[PDB]
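This report concerns only the one structure given below.
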Protein chains: 4
Amino acid sequence: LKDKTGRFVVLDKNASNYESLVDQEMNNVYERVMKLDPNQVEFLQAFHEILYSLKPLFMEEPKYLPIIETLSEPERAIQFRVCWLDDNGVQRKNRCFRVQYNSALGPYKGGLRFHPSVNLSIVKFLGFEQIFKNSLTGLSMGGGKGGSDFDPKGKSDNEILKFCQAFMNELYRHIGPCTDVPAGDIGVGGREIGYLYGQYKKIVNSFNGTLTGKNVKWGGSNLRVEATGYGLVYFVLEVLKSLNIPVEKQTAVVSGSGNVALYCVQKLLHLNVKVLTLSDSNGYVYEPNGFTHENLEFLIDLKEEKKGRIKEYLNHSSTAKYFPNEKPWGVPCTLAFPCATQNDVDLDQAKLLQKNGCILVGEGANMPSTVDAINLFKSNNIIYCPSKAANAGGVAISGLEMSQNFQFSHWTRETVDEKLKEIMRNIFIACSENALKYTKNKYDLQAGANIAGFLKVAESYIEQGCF
Amino acid sequence: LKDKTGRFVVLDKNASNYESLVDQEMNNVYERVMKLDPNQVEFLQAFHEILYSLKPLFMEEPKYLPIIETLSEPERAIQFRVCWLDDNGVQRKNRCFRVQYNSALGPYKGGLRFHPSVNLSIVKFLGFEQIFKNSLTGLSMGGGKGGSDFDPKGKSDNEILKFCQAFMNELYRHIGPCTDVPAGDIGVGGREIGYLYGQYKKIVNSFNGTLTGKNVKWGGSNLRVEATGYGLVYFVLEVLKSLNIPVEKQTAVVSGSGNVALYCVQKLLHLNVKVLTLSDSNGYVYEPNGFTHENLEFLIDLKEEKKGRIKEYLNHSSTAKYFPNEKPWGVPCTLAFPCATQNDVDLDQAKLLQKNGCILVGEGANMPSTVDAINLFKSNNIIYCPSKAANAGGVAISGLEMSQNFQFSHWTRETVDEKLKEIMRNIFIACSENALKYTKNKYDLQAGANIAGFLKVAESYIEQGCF
Amino acid sequence: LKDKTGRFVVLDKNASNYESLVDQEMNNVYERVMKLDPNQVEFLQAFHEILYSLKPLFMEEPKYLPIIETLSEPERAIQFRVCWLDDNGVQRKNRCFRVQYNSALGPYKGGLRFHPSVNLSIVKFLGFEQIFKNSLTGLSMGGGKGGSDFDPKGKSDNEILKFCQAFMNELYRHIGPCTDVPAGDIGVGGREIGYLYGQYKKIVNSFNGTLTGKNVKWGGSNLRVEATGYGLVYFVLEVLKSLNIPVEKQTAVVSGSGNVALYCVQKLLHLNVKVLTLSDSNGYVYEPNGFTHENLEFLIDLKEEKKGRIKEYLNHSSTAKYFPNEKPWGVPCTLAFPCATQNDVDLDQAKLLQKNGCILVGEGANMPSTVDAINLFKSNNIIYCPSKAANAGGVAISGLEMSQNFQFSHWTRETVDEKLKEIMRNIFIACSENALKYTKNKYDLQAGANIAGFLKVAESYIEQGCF
Amino acid sequence: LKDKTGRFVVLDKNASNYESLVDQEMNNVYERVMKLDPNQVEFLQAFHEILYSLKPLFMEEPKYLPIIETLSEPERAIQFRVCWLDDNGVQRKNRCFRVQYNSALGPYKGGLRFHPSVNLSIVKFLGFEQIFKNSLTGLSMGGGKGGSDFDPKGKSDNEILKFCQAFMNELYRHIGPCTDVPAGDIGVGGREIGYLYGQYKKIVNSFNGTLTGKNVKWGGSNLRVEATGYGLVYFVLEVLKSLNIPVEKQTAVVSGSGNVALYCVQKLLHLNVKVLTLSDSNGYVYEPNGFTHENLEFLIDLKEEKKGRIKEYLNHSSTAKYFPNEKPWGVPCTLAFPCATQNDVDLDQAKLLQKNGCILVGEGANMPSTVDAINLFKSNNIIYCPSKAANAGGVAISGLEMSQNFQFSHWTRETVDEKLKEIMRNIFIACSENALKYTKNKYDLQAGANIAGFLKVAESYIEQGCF
């Protein structure tokens, strides 16, 4: 009837109709959550997603049923008003958030998002998954998220600043080095974090690592930009190594042109992998013979350094070719690296990839593969690497940024990279064993990432008592 | 094109189309507001409701359109999880809130409510109105509302303590003497305020007036239980005077058994007003000749004090009579005091009292009359007393308590009442003046209230700057 | 050799040479003071000035020489940079200050001044005098002055907001309800105090009386605009009484248009005193017969309220007359109220009023009379009312506001005035008593003021210990 | 007459009757201490113990006489009431402590003890010796201690929790990462510290190393459990190595069955030492041919993992034999490791050990050897290892836990162990030289531990001034 603590009700695993008890309870867990937040579509969907993914574990430790239902409720969610003067003198208003989700494993860690479509649900959605992503890095980090429906597009620097100072004029009172360390995300890059940190240090009068993603000149870490892109390739190399699949005999197709796709390709080239593409929301580019370090240098320190359109890539490669309004998925590969947007890969695209020889998918972006696409991948014996695990390197460097701020140190690029490789190996190791242990599959990384990331946060929550 | 401040956009009170723009831009303000909170039903209603009632004020001053739109958004809105052990030792969870709405006229003020029904929409609706209501008192009280979806019914006294301490372990960091002074409400009674004040003092190690509604032995104030009902009568007694209508010559049908009703009657009788009824969820009693001090006394000091039922009254008043599940609104009168529930009075009822000489409705509860009845009444020239005013006495004493804790003092029952009678008289003057000035009705108290409650707030906001 | 405390060195009031030592050691105290701040011209002047005026007090008590020397040094003096964006988007800079001078009788009290002329010397001079001036009020107010070399003239309302918020982002950490209560002054008006109070409340998240001079809707106090002028008359009206000179039988020439003058007149007329003049930078108007309530009214509610010029008065008083760039000091009188600028009255002017029956000078502004004129007046037995006293009403209401915010209360216009009239009467008693006791003049109010302002401070300091 | 600082009186070492001056002064030091706390038996005894132990040093640096008398007085001792609800709803009460003894070398470090017999004296007793133990680790740690007369035995988990949350509900305000870092002890194991940390993080809203002994999942260190047991063997290996006594030719007898005895034996086996026993408060177990890694695995992960009685050991070893109601001391050995309770080894037991060949005693527990037993050991040329030094490894890992929390790192088990070996070597080196230098004995570790541990704390106290 109850676990060792007595605070939690067991679901008698030796009853005659156990599985039905679990299923029906999982269902009541979802029904109550749904009722708490009926119209938070993005949130309810991510919860339902993890919830049922964990079923193998619930069958095992039913005590984790009451727990996940509770952890799905932010320890603290703060919504605040923020007013700022536009460059015309007109006073403006934006809705802001900062969901301090979980604090069992360490200070709340989660980025900030300034985007017209930001809202409670979506912030709660990124925050809930941020928990398990942070848990997987092995480091000491909780889970948070926040942002504003403030649209940076079309704004002067002076406006991004005033809004950044206004935002922190409220946010600071809820964050700190050992409380909640926000980071960047869509809308918040180095510039924003520079103004956010500036305002913070100005009000609180302290120079610390309350924000990650900072400039190497005042607290930042090396590899701050290559982290995600590298972690991704490291995670896939780790999967490839365990199956004994020669990495230098693989062909990769990558989408996106951000810092994730850019450095994924850079690490891919270093490992001697042939990269055939990169892409823009307008179209994708193709290099017949594969990409080059030089080519990647054009794309990088120009169509991100100047912010052009991947089309300009043609002014550098007479051998390249652009495809207006298309994704790279029709290009045969063994490795697919979705580093663009949400729902980048759909059903038909997973079919092309499937019939073209694709053997593994590395999620570079946030849930790039559609729900039907994942199913197609898993059903066709194609290794699926979960965002939570494969692109966790971006969060790892974050923790390493704090570690360097706490130690009042600044490690070399090589030291940080070595740690990023061992962290990514630890993540693959945790996802394999939990997957094998709970689904007997072993390469069902989606179940493994969720189980490992949840088990650590839950045991800890129980250990820390009622709160 | 802009106001003196050049921060808001003025509509141009001297353009041909003008009156249409005040109608469209208002429609526009409710648009964005609605798209922001698509499903906060109760919230959008109290907003739209105040929005349109204020058209008389926008007509003169259109600068107030951009403002109400900004003030509709809580300056801060904290949602938090709370876990407590129940009596069986099982760990429980509950969602909690504290919407700090506006702090222009003073610290955030507002009670907490623990009802299974509570949620953000409800809290915001109750919270938004708190602003203006607290504005009409004339004291320095900002607006705010709090609470949890926690249900006391069924809980032991020990459980309500465990929950209150758990509640405060999170809420203490967001409230304070000059920051947020929560109060009691539905679910939070003198006990719950005592248990919360207990945890607050234990953690923060400070004895002060962070909460109003405390026992008189440690911060409480005399007239705490009668302030609302008292002021309701004091407000009407003030409305009648300006009309030269002898208060001691009217008949009053009144609904309730809470403090609002139980003392509305106690003051009505003290002025020689004959009260024929008193209500309860199951029914309403009746006194042909009228209630006696001793009659009202048995009731008060016994049904509520012993928490029985209004029926039992028939064990004292062999003269009285019960009327199984019925609303007193039938019995004819001159002064009707709705003090039971929201929409206590519907339309048909508004028709009964209408055809029986009911000359003044004096709300004693939270929005007692339906959107219809208010129109019916207002359509037949029946004095309609706006909740924000008539029952403001509850908040009136709330700040008098603050004043007394702040002065490390404790006033006589007499002093408090004199200051109370005085406030309500000013509440009458503002509503009246304003009504006359903006709607030429002078007794369109529903408008006087909004226009006066919102003004002190809006000007102050403008004077305080962009925050 | 030493005082009761054995911490200071006593000169020996019974040594032959003694009177020389009090003259040398004083000369010595100004030496070190001067060598410390070699170029703070204004500062060294207010110090040397107070230093020597206090010789009557040292004569009896030489322990006070070491003390004044120590109190001449601010307990704390914060200087800070402030950067704000101007309307063109250009980033601007300004030096700022907050000299917390003495906290013996209470928290630090003193306005802020934003004038291109502001600097440490000026702030210290204004700040030093604030001490004693705030000492004579009898309230619990320590001394302090603040400000910036920032110039509002030419700035938009938006710019004054951006600067005020920037100002407070630094100043909030150094001020507070019971630490430092800044106020308005030249450059900081009800608007700037509103914009500063806005930022202070936004950052600290506390509604309180950290600043005096707030709007009445959120902390302000009645008689805020008249306190200074009022008390000036109330002080003189008090001086005359002790002399048995009928206030309603004198003629008064007065300079100004600020609140000090505009209401000095309003009270002078209310007591039936005939005021023939009112001044302005460009000139001074004249009423042969005297100003009328309606006359003074047009002026006040129109020239200052509409910020025009005293000339325009001739668009109401066809009886009056303007006197192009001239000081009213000519027109003969019995009571002259200098309330325009420093050194408003020179020597020659002090000769005109001298030969015309001017029997009492009553300073209404910051040091209005020249070192000469004071001597001239004092040399011809003309009652000289020390700025520190006559215009202390401004500070008087400053602390009444604090009292009111502290008591979460708001007094009537009547109450405040009665307490005001009362303070000024005590201010008269202290100065008088002291004057008589130390200089046998009883009407050497200039000395009475210093000796009484400094004493409450110095004794308190000694009683408080070595800090 | 006085040291270099002048704040301390010397005891002229060149006087004719110096030794008598010192003895008599040491005596006055004890007489005044005794009088301050007449009935704190445990405290007075530990003080007297160190005091006279240090005499060699006092003869040397008499300046340390006034100092030890002062350091014997807690910089701060806080006693607090703690109320909590038992599982029956009945409110309960317990007396709690937290003696923040010394802060010269770093943040107060000392465990918490929940035991029916806890009281000021005993807490002060553990705190006073904790100082010198911490000083010896070489790390930066002060000395503290605390606990409650709260009896954990017979309590539900839910009760240990409520009491743990109640305890911290007061304690938190006095502790912090850089102020006071409590740890575990009798009554407080991992479970308690888990609930103590949980409550702390909940109230203060910070994730830091305010408590050591945490779970490796949220801040803990590897070796957290093996530390004391290992440090002990390392310290003895270090002593053995310096005498050139082959460690793999020794025979050890161990008492206790806790984490100290368990891992002492584990390290002993690794070093190839023959272990013959372990024990329970009921009786001791004996392995004829010595213990095995496997055997130790039964005892360990079972009679500590399940918490049985060392008697059950027989269900695993057909070769073992239990001895009801006896201690291991009658078993011949060269090495004796008292890891049980206070006063474990008595006079007769030290005689058996003595006549049986014992050459060294390693104090695993707190003062296990009786006072007569130590004398017998020292008088018979038997190496006596002081609790303060030999079992200091348990405190060392503690400091390493903080170091890992500050660096936001998590070192491997091998890195922590290496540091534990060097720390234990540094301790032996400090105890040898100070012993040799002050008693010419060299292996009078009891004098050395006390001298070294005191010299560092005292020089520092002087360096830091009067407080």
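By convention in this document, the chains of the structure tokens carry letters A, B, ... by their order, each chain's residues are numbered from 1, and ligands are numbered from 1 in the order they are shown.
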
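Residue-level contact on chain D: within 6 Å of chain A, counting only C-alpha atoms, the set is residues 157, 194, 195, 198, 206, 207, 218, 407 and 408 of chain D.
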
Filtering to N, CA and C atoms, could you give me those residues as a compact mmCIF listing (two decimals), in the first residue's frame?
```txt
# COMPACT_ATOMS: atom_id res chain seq x y z
N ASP D 157 9.04 7.20 9.44
CA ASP D 157 9.87 8.02 8.58
C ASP D 157 9.20 9.39 8.59
N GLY D 194 19.06 14.21 4.38
CA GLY D 194 18.31 14.37 3.14
C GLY D 194 17.10 15.26 3.39
N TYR D 195 16.43 15.05 4.52
CA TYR D 195 15.25 15.84 4.89
C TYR D 195 15.68 17.20 5.44
N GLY D 198 16.60 19.13 2.32
CA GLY D 198 15.38 19.40 1.60
C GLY D 198 14.64 20.60 2.16
N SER D 206 18.02 27.83 -2.15
CA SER D 206 19.37 27.80 -2.64
C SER D 206 19.85 26.35 -2.63
N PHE D 207 20.66 25.99 -3.62
CA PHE D 207 21.21 24.65 -3.72
C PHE D 207 22.71 24.78 -3.50
N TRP D 218 22.82 14.43 -5.26
CA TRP D 218 22.58 15.87 -5.14
C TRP D 218 23.61 16.62 -4.31
N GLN D 407 33.24 24.02 -6.23
CA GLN D 407 33.78 23.95 -7.58
C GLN D 407 32.74 23.44 -8.56
N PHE D 408 31.58 23.05 -8.04
CA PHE D 408 30.50 22.55 -8.87
C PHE D 408 31.08 21.37 -9.65
```

What residues in region 12-152 of chain A get the DSSP label strand (DSSP E)? Please answer as a PDB file with C-alpha atoms, in the first residue's frame.
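Result went into selection.pdb, see below:
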```pdb
ATOM      1  CA  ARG A  76       7.291  27.867  -8.664  1.00  0.00           C
ATOM      2  CA  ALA A  77       5.964  29.665 -11.732  1.00  0.00           C
ATOM      3  CA  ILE A  78       6.351  33.419 -11.879  1.00  0.00           C
ATOM      4  CA  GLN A  79       4.596  35.507 -14.503  1.00  0.00           C
ATOM      5  CA  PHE A  80       5.460  39.209 -14.621  1.00  0.00           C
ATOM      6  CA  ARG A  81       4.618  42.421 -16.454  1.00  0.00           C
ATOM      7  CA  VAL A  82       7.406  44.341 -18.132  1.00  0.00           C
ATOM      8  CA  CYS A  83       7.142  47.883 -19.469  1.00  0.00           C
ATOM      9  CA  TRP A  84       9.764  49.631 -21.640  1.00  0.00           C
ATOM     10  CA  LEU A  85      10.074  52.714 -23.874  1.00  0.00           C
ATOM     11  CA  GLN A  91       5.645  53.118 -23.394  1.00  0.00           C
ATOM     12  CA  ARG A  92       5.337  49.395 -24.226  1.00  0.00           C
ATOM     13  CA  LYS A  93       4.167  46.203 -22.448  1.00  0.00           C
ATOM     14  CA  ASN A  94       5.173  42.512 -22.601  1.00  0.00           C
ATOM     15  CA  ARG A  95       4.236  39.370 -20.684  1.00  0.00           C
ATOM     16  CA  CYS A  96       7.168  37.522 -19.168  1.00  0.00           C
ATOM     17  CA  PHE A  97       7.782  34.193 -17.515  1.00  0.00           C
ATOM     18  CA  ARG A  98      10.248  32.186 -15.490  1.00  0.00           C
ATOM     19  CA  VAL A  99       9.123  28.752 -14.461  1.00  0.00           C
ATOM     20  CA  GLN A 100      11.403  27.448 -11.746  1.00  0.00           C
ATOM     21  CA  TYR A 101      10.376  23.827 -12.348  1.00  0.00           C
ATOM     22  CA  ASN A 102      12.589  21.451 -10.432  1.00  0.00           C
ATOM     23  CA  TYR A 108      17.118  25.878 -11.724  1.00  0.00           C
ATOM     24  CA  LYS A 109      18.733  25.796 -15.196  1.00  0.00           C
ATOM     25  CA  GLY A 110      16.826  26.757 -18.295  1.00  0.00           C
ATOM     26  CA  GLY A 111      17.061  29.340 -21.025  1.00  0.00           C
ATOM     27  CA  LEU A 112      14.997  32.428 -21.759  1.00  0.00           C
ATOM     28  CA  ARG A 113      12.936  32.848 -24.935  1.00  0.00           C
ATOM     29  CA  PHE A 114      11.866  36.143 -26.487  1.00  0.00           C
ATOM     30  CA  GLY A 143      15.228  22.700 -14.520  1.00  0.00           C
ATOM     31  CA  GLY A 144      13.745  26.005 -15.518  1.00  0.00           C
ATOM     32  CA  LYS A 145      12.662  28.137 -18.435  1.00  0.00           C
ATOM     33  CA  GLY A 146      11.213  31.564 -19.137  1.00  0.00           C
ATOM     34  CA  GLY A 147      10.920  34.223 -21.766  1.00  0.00           C
ATOM     35  CA  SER A 148       8.761  37.002 -23.138  1.00  0.00           C
TER      36      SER A 148
END
```

All residues 12 Å or closer to residue 30 (chain D), only C-alpha atoms, same chain fewer than 6 positions away omitted, as a list in words: residues 23, 24, 36, 37, 38, 43, 44, 45, 46, 47, 48, 49, 50, 51, 52, 65, 66, 68, 69, 70 and 72 of chain D

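When the distance limit is 8 Å and only C-alpha atoms are what count, the residues near region 369-384 of chain B, minus those fewer than 2 positions from it on the same chain, are residues 338, 342, 343, 344, 345, 346, 347, 349, 350, 351, 354, 358, 359, 360, 361, 362, 363, 367, 386, 443, 444, 445 and 446 of chain B.
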
Residue 155 (chain D) environment, 10 Å, only C-alpha atoms, sequence neighbours closer than 6 positions dropped, as a list in words: residues 86, 87 and 161 of chain D

Separation of CA of residue 53 (chain A) from CA of residue 448 (chain A), in Å and rounded to one decimal: 9.2 Å
